[PDB]
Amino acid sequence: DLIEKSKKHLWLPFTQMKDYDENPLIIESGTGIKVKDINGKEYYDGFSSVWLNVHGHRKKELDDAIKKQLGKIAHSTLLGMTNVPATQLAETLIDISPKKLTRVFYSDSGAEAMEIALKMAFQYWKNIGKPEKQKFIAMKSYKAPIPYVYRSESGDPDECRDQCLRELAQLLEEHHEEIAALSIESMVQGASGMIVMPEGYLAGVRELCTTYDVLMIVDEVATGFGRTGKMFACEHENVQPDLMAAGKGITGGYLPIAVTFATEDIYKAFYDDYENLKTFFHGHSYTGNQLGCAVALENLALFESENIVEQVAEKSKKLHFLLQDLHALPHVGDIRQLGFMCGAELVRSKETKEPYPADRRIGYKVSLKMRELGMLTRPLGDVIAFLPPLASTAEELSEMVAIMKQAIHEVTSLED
């Protein structure tokens, strides 16, 4: 009856509370890559608690890092001063980030880190006397398209790539003098349905931004910290962001810490005598929280000593083969994967690739079937996301993929 109480006082993020009331779920504990509910039923953490859990739950080293920091101080401010763990973590993050990035600006969430990146971009140009550069390009302000090869007319990766790059170039051509920055997810569009960008695409946008003197903001909130088989996904194409947002996996999934990385050139445009009004007057009260910073330092220590990134890249090879036989199912239209970042797009006809009408709630229905079959994930429309913890074993991966295959079949054959 914590259950009937839950229905009374909560308002959950991104969720229709009527859906919640009809199918409540309350998690009590976790161990390894499984979480347990208040009835004792276990589930594989098939989405890494929304793309942030790295080493599974109750990871000893992580538990210990927080316990240790408690023994010193939980929180002191970064407003006008600093603390030991935030400073140490800043140096460590800079060691592993793309080389052009030299500064760490903390915040609480990935959304905050992105918002800061945009404000930085905007004020940067104003600070250096170019107040005309105030517009933004959001790749899906002006908007420019990212390749969606699966639903393209050519079905051709680099045709699609080149055509999208041509359209961005046109946008850049006639408005660059007015544009402060372009924002883009690194390599994989998450919320859009785990859409992996064709080779050379991200590199191409970097090139255009440099050419037309526009700051490139790269969102690594989902992709960062090993998720795609590289520490940061922009390593796949050797891209150097001007500003880079990270969060989620940074703390191994334990606590809210997020970061906006900037280059030295951006930082110095705000560095001056106070009187000169160059200061970046933004931030948050919990910025650089010791508890969160302490757990992130140990998270990173583990990446190094557990060779997590190599292990992810290795395991991703067999994972691909498991997924392709998933492709065989009558309603699996497309399989998309980069590292442990995967999605299975569901469709009513794989020949015409016509989707189900949204009102058949296929994605939701699959997620519920997987739930009863003992696995958590979150659907994106009718794309079944699969983002297993980075510590997942080959065995655990094959078990999670099997549950996906069964749920998809059991649901979609009724067409639900």
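From 1 onward, residues are counted along the sequence shown.
Inset, instruction - Check the entry and tell me how many residues of the deposited sequence have no coordinates between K268 and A269: none, 1 to 3, 4 to 9, or 10 or more. - result: Gap between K268 and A269: none, chain continuous.
Inset, instruction - Would you determine, from the values in the PDB entry, which of 90-98 and 172-180 has the greater average C-alpha temperature factor? - result: On average, C-alpha B-factors are higher across 172-180.
Legend entry - Per the entry, higher mean C-alpha B factor between 350-358 and 381-389: 350-358 has the higher mean C-alpha B-factor.
Inset, instruction - By the entry's C-alpha temperature factors, tell me which of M139, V259, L243, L78 sits highest. - result: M139 has the highest C-alpha B-factor of those listed.
Inset, instruction - Please pick out which of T223, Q337, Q163, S285 has the largest Cα B-factor as recorded in the entry. - result: Going by the entry's C-alpha B-factors, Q163 comes out highest.
Inset, instruction - Name the third of the chain's ranked CA B-factors that contains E22, choosing lowest, middle or highest. - result: As the PDB entry reports it, the C-alpha B-factor of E22 lands in the middle third of its chain.
Inset, instruction - Looking at the entry's B-factor column for C-alpha atoms only, identify whether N53 ranks in the lowest, middle or highest third of its chain. - result: Answer is middle: the recorded C-alpha B-factor places it there.
Legend entry - CA B-factor ranking of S192, expressed as a third of its chain: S192: CA B-factor falls in the highest third of its chain.
Inset, instruction - Among all modelled residues of this chain, ranked by Cα B factor, put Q324 in the bottom, middle or top third, i.e. lowest, middle or highest. - result: Answer is highest: the recorded C-alpha B-factor places it there.
Inset, instruction - Report the third (lowest, middle or highest) to which the CA temperature factor of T82 belongs, ranking only the modelled residues of the same chain. - result: For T82, whose C-alpha B-factor we compare with every modelled residue in the chain, the answer is the lowest third.
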